[PDB]
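S.K.: Quick one: this structure, given as structure tokens, is what I'll be asking you about.
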Amino acid sequence: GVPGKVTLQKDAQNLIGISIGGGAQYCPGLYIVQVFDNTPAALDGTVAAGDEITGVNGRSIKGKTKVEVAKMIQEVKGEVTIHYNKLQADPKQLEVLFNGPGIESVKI
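Okay, structure coming up:
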């Protein structure tokens, strides 16, 4: 329904296993587009496609572009904690609308 935190460790390839993004038009927010099955985020299973990424390691990401945020996460050595809003909307539709087209995302 609402926000939370989830701290995940990066795998051997420096990856949590999510693709953070959003569409082209102006949007105040970044969104988990896709979770990859063989990855720490998937094994943890707290987060889902649809959820909003609101912060990284106790630091809000509001204003930052998809790449800046990916950089921040790519740069954290070891464990990374991800601040999110688990959205209310039926999560299939949150995943369906985020399927495309013209959804730009960065994989981390």
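Take the sequence shown: its letter number 102 is residue 119 in the entry's author numbering, and every next letter is one higher. Cβ coordinates follow ideal geometry from the N, Cα and C atoms, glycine included.
#1: Cβ atoms of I99 and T24: under 9 angstroms apart, would you say?
#2: According to the neighbour-count rule (16 or more other Cβ atoms, all chains shown, within 10 Å of its Cβ), is residue 10 buried or exposed?
#3: Going by C-alpha to C-alpha distance, which of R76, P108 and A58 sits closest to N31?
#4: When you compare the CB positions of residue 166 and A66, do they come within less than 9 angstroms of one another, or not?
#5: Between the beta-carbon of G18 and the beta-carbon of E121, is there less than 9 angstroms?
M.R.: Taking the definition as stated:
#1: In contact: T24 and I99 (Cβ atoms closer than 9 angstroms).
#2: Since the first residue of the chain shown is 18 and the last is 125, residue 10 is not available in this structure.
#3: Of the candidates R76, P108 and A58, the one whose C-alpha sits nearest the C-alpha of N31 is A58.
#4: No information on residue 166 is available, as it lies outside the stretch 18 to 125 that the chain covers here.
#5: Not in contact: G18 and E121 (Cβ atoms no closer than 9 angstroms).
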